[PDB]
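J.: Pasting in a structure now, in structure tokens, and then I'll have a few things to ask.
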Amino acid sequence: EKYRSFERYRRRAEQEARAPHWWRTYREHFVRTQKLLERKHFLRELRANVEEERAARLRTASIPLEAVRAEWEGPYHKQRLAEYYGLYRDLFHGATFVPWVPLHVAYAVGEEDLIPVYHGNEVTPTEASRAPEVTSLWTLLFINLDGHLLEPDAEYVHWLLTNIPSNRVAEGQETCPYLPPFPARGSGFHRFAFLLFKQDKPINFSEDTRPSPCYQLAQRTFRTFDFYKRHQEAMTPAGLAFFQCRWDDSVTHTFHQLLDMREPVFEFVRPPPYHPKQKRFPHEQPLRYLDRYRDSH
Amino acid sequence: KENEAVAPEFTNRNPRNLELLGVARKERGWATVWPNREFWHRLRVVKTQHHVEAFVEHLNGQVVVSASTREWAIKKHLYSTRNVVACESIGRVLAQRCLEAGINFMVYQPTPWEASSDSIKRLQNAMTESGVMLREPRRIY
Amino acid sequence: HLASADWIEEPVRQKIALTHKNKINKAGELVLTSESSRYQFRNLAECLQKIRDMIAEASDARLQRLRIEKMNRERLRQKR
């Protein structure tokens, strides 16, 4: 058969390229049931509706999109964002968990509204002046995955709560007091992820308790993997929420006022200049040949 | 002061840090192949016999944001999976999923007939009003 | 120091700074070097000549996109 449109060849060609082959190619080098029956009944009703048919032919139909979002929510798609941004590799050394509790967080700004914290969202450090609102007996931890200034694997806590009764977070132990974001300048977008871990039994995390207030980076540094490994028996993550933050004026305030340190500033480091090595005695070297080699020409 | 201690060079591990900054590498090869590969993300719109689907796909071929009328939430409020209005809704829904995913920029390369289709044009109108950009920023060298 | 230097006229200073911003240090000084000859005076002479050329020669979608991405973020920031 011959493709009657370019797309037919393109779609097959695109699919063909994606699939691996024995010959070398670029990619290898560089790379419940009851509910459905109820759903089917709605389809018949929706299709039968004469008004809906008229709207379709009149191209005037509309949708309550807000309902779609709630019904769509979500576990499988929520995992994609966390994995896509590299939370799992940095936070659990590659362990991947499907979030089952629809965790949602927002940074409270003033009193009129609270800034959402989507998956992959961008929130300025200024807007994060105060701690955010997070919505059985579980725990909850805050992380600065790439906000660390000295060690790559290490990361800093904003605030860590343990033994959170049911859902109410006010009763959780404030092991780590809240700290505003402090992303270094020149490093682009820093990803901060919010993790919710199922707590099988209430356990005193004396090891993770930190002085309140604490303004030392030497004690804020920690590792999620080893911390989770120590509690991995009773800890199974289920909630995810992470945003990106750039440098901002508030960051200077955080680094100086309470962190009490000079603001970190970074940029791509260029290689040392390349210098040709001329010969001390240019034996049998004319000026015309040296003229091309030297700057003058 | 202990806090002052900082490494000479930063350690940023965010995959999209370079992409968001614009310094991430875009495929500049494939000079003998069409179309250009100088896009971090692409909008893939698949119109099946009974369903219309739109996706946002990275160069690697893995969809990050997927919007399909096959999804239960959209269809229940959507009369017919194949329709001009459905293209608008999936674009707005795809945008909302893009809003959920944090992806603001994308590269759309419609085919000659696909571009001429009014439904796809309205779907593009759905994306622009939702703020999703059909054109990505240029790479930084 | 390009800006502080008063011998260069102010209009030239701004044009030089914009044209050769890459050669300005964080302190604001204009830095140029020559290591292309075995003669120290030649390197000095080359450096001086380049300065003379700069004085004589001296004598947007990006912003919109930054607004668009910021506008997109605000619309993207909708989970209330």
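J.: Could you please rank C:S34, B:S116, A:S187, placing first whichever residue has the fewest other Cβ atoms within 10 Å of its Cβ? Don't skip to the answer; put the middle values down first.
T.: Values: C:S34 16, B:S116 10, A:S187 23.
The fewest-first ordering by Cβ neighbours comes to B:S116, C:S34, A:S187.
J.: Let me ask something else about it. Mind checking the dipole of segment B:90-133: about its Cα centre, +1 per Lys or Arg Cβ, -1 per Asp or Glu Cβ, Debye to the nearest 20?
T.: 40 debye
J.: In sequence order, what are the phi-derived ³J(HN,Hα) couplings for segment A:266-271 according to the Karplus relation 6.51 cos²θ - 1.76 cosθ + 1.60 with θ = phi - 60°, rounded to whole Hz, with x for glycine and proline?
T.: Once θ is set to phi - 60°, the couplings for segment A:266-271 become 10, 7, 3, 8, 7, x Hz.
J.: So, one more: Could you give the nm distance between label points at A:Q257 and A:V269, where each point is 7 Å from its Cα heading toward the beta carbon?
T.: The answer from the label model is 3.3 nm.
J.: Identify the trypsin sites (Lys or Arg not before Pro) of segment B:77-115 meeting these criteria: DSSP loop state and at most 11 other C-beta atoms within 10 Å of the C-beta. Numbers along the way, then the final one.
T.: Values: sites: B:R82, B:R92, B:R97; in loops: B:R82.
Sites meeting the loop and neighbour criteria: none at all.
J.: Would you mind computing, in nm to one decimal, how far apart the modelled labels at A:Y76 and C:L44 are, each placed 7 Å from Cα along Cα→Cβ?
T.: 7.6 nm
J.: At a 10 Å Cβ-Cβ cut-off, how would you order A:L137, B:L94, fewest neighbours first? Display every interim value, and only then the final one.
T.: Numbers: A:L137 14, B:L94 27.
Exposure proxy ranking, most exposed first: A:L137, B:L94.
J.: May I ask you to evaluate 6.51 cos²θ - 1.76 cosθ + 1.60, the Karplus curve with θ = phi - 60°, for each residue of segment A:217-232 and list the ³J(HN,Hα) values in order in whole Hz, giving x for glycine and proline?
T.: Once rounded to whole Hz, the list reads 6, 4, 9, 6, 4, 6, 10, 6, 4, 5, 4, 5, 4, 4, 10, 4.
J.: Just tell me which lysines come within less than 16 Å, Cα to Cα, of A:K198; anything on the same chain fewer than 8 places away is out.
T.: A:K229
J.: Identify the chymotrypsin sites (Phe, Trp or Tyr not before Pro) of segment A:207-297 meeting these criteria: DSSP loop state and at most 12 other C-beta atoms within 10 Å of the C-beta. All intermediate terms of the calculation are to be shown ahead of the outcome.
T.: On the way: sites: A:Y215, A:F222, A:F225, A:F227, A:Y228, A:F242, A:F243, A:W247, A:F255, A:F266, A:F268, A:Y274, A:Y289, A:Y293; in loops: A:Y215, A:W247, A:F266, A:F268, A:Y274.
Sparse-neighbourhood loop chymotrypsin sites (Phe, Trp or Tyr not before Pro): A:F268, A:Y274.
J.: Report the percentage of all Cα-Cα pairs in chain A whose separation exceeds 36 Å, rounded to a whole percent.
T.: Numbers: 19473 of 43956 pairs.
Counting every Cα pair in chain A, those more than 36 Å apart make up 44 percent.
J.: Roughly what angle does helix B:84-101 make with the longest principal axis of chain B, taking Cα atoms, 0 to 90 degrees, to the nearest 10?
T.: Around 20 degrees separate the two axes.
J.: Check A:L160: other-chain or 5+ apart residues with amide H under 5 Å from its amide H, H built from backbone geometry?
T.: A:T175, A:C176
J.: Give me the distance between the Cα centres of segment B:1-78 and segment A:236-297, rounded to whole Å.
T.: 28 Å
J.: Shifting gears a bit: Return the long-range amide H neighbours of A:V109 (sequence gap of 5 or more, or a different chain), with a cut-off of under 5 Å between placed amide H atoms.
T.: A:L114, A:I115
J.: Determine the dipole magnitude for segment B:1-125: charges of +1 sit on the beta-carbon of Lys and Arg, -1 on that of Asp and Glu, nothing else is charged, the reference point is the Cα centre, and the result goes in debye to the nearest 20.
T.: 420 debye
J.: Let me ask something else about it. When all alpha-carbon pairs of segment C:3-52 are counted, what percent fall beyond 15 Å? Present the calculation step by step, with values, prior to reporting the outcome.
T.: On the way: 645 of 1225 pairs.
Everything past 15 Å amounts to 53 percent.
J.: Right, next: For helix B:118-130, what angle does its Cα long axis make with the longest principal axis of chain B, in degrees from 0 to 90 and rounded to 10?
T.: Taking the Cα atoms of chain B, the angle to B:118-130 is about 40 degrees.
J.: Still on this model: So for segment A:170-297, taking the charge dipole from beta-carbon charges (+1 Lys/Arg, -1 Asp/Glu), which of A:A218, A:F242, A:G188 sits furthest toward the positive end?
T.: A:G188
J.: Tell me, what ³J(HN,Hα) does each residue in segment B:2-11 have, in order and in whole Hz, if you take phi through Karplus 6.51 cos²θ - 1.76 cosθ + 1.60 with θ = phi - 60° and put x for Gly and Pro?
T.: So the Karplus estimates, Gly and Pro as x, are 4, 4, 4, 4, 8, 5, x, 10, 6, 10 Hz.
J.: For A:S62 and A:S129, FRET efficiency with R0 = 51 Å and r from the beta-carbon atoms, rounded to 0.05?
T.: Values: r = 40 Å, r/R0 = 0.78.
That pair, A:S129 with A:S62, gives E of 0.80.
J.: Under 13 Å from a label point 7 Å along Cα→Cβ of A:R47: give me every residue in segment B:77-94 with its amide N that close.
T.: B:79-82
J.: A further question follows. Among B:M127, A:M235, which comes first, second and so on when ranked by fewest other beta-carbon atoms within 10 Å?
T.: Values: B:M127 22, A:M235 19.
Fewest-to-most ranking of B:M127, A:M235: A:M235, B:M127.
J.: Still on this structure, I have one more. Mind jotting down the distance between the C-alpha centroids of segment C:1-75 and segment A:129-182, whole Å?
T.: Taking the Cα centre of segment C:1-75 as reference, the centre of segment A:129-182 is 45 Å away.
J.: Residue farthest toward the positive end of the dipole of the protein assembly as shown, with Cβ of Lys/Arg at +1 and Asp/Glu at -1: which of A:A154, B:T128, B:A86?
T.: B:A86
J.: If the limit is 32 Å between Cα atoms, which of B:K26/C:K21; A:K2/B:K75; A:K201/B:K76; A:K40/A:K201 go over it? Mind dumping the intermediate values first?
T.: Working: B:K26/C:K21 26 Å; A:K2/B:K75 35 Å; A:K201/B:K76 41 Å; A:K40/A:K201 42 Å.
Table pairs above 32 Å Cα-Cα are A:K2/B:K75; A:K201/B:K76; A:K40/A:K201.
J.: Taking amide H positions as placed 1.01 Å from N in the peptide plane, with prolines and chain starts having none, which residues 5 or more places from B:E27, or on another chain, fall under 5 Å of its amide H?
T.: Distant-sequence amide H within range of B:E27: B:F39.
In this analysis, Cβ positions are derived from the backbone assuming ideal geometry, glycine residues included, and neighbour counts consider all displayed protein chains. No lab work stands behind these numbers, since they all come straight from the coordinates.
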